[PDB]
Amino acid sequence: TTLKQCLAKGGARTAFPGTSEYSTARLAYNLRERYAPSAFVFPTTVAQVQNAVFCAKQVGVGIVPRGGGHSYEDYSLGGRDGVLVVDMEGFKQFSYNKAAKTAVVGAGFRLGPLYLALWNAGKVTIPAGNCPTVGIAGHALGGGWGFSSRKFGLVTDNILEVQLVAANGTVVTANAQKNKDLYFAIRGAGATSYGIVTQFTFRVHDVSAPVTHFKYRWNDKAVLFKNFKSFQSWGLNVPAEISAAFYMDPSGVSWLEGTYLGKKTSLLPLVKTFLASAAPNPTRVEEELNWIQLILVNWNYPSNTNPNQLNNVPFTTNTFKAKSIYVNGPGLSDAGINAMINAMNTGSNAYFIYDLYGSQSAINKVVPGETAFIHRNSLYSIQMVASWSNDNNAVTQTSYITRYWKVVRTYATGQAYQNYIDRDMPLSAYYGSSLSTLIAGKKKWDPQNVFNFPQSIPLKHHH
């Protein structure tokens, strides 16, 4: 019996090659690897997930869940041709428990709508990223750094429990008591490898007070070293109430953007040392806001925008290769900064973002060895993105960004951030000291490797 027949028993919506439903379901944030799945199935009940997992084993196809579809390597179209993609769009369950300070979120939510739901419900938030079309599933399972993360942690740190359909079909619950091994794996290594997460229970945070957004911006190739050195020096002493990220690109633009959890009249002592050592005359924008306004400002919408915009942020696409790396304190040497900026300037149509971690952050204050997310001792992470609109530049842009990564590697660590997934990173760089434990758990919960992709947790230990 075929795949069409098996999935019709479950009753979920499907889409199969050659149809227009299948063509529009192929949308992905990165359009570089236009992987062609066997079929798309759109579950709305747990049993329909169980059907898809059963049906893929019976027909002998691969299967991956898809949330928001932002995977930088297209792993949510499978990472190869001929996979059953289980698009979790129908899991939008929501509920907020004010007393427990917890929220139940379905694995098909997007960051935009989730922010709105959580604000309307009780003026609370999870510390997620700033791209509103990003699905909570991939984001939370791989880490998740946002502009409140230095106070409240990573999204992954605020997972209290998950429920997933396992490879053998059982509906499983993982939390600090039930199934600790699986609960450990999914906070950091949860993408695809251990099954299909259907819902999260998040620890949520009060953001009813006013916050302050700030951004200092330049457009001058000559001040890049100075502005970046001042960011590093400043970065080492930022208290947890600020989360900030630095931006740089080959056209000469540089900026510092951040969010202070506090009143705007308290801000200047906290950003004074950055401005003093940065170049003069920064484009200065400081604004006091409530939380939903901040989410909008952080995605280039003016603060007067209707909050309901978050339910309908347009899904945009790119075609790019992306790499990441971590940098430990006190940062890159002065030679490393020059080497980095020079490498960057040999190219164009690329951008580089530096999310601040640091020793004051909730992120680095976790006890090591209690999650699959291991990057608890860096100053910041570097996101490296090189884009193209014409396929003739794909080789030059991919070599450009890979050279850049090698230049910086001399001056930094060999770890990288798994939400900026990169097919050319060894798994040791994502999981390090916790990889053995992840592989043991992979053997236990999926011995047949039903759930795999080019960077899924393997079944074979390193000797």
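When you see a residue number, it is the position in the sequence shown, counting from 1.
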Exercise. On mean C-alpha B-factor from the PDB entry, just flag whether 7 to 15 or 449 to 457 is the higher one.
Key: 7 to 15
Exercise. Select between 274 to 282 and 162 to 170 the stretch whose C-alpha atoms have the higher average B-factor in the entry.
Key: 162 to 170
Quiz item: Based on the PDB record, which member of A416, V407, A47, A412 exhibits the highest Cα temperature factor?
Solution: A47
Quiz item: Can you tell me which of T346, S243, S381, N308 has the highest Cα temperature factor in the record?
Solution: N308
Practice problem: Would you mind checking where the Cα B-factor of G258 ranks among the modelled residues of its chain, as the lowest, middle or highest third? | Solution: lowest
Self-check item: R403, C-alpha B-factor rank within chain (lowest, middle or highest third)
Solution: lowest
Self-check item: Third assignment of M425 from its chain's C-alpha B-factors
Solution: lowest
Quiz prompt | Modelled-residue ranking by C-alpha temperature factor, third containing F200 | solution = middle
Quiz item: With respect to C-alpha B-factor, does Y351 fall in the lowest, middle or highest third of the chain as deposited?
Solution: lowest
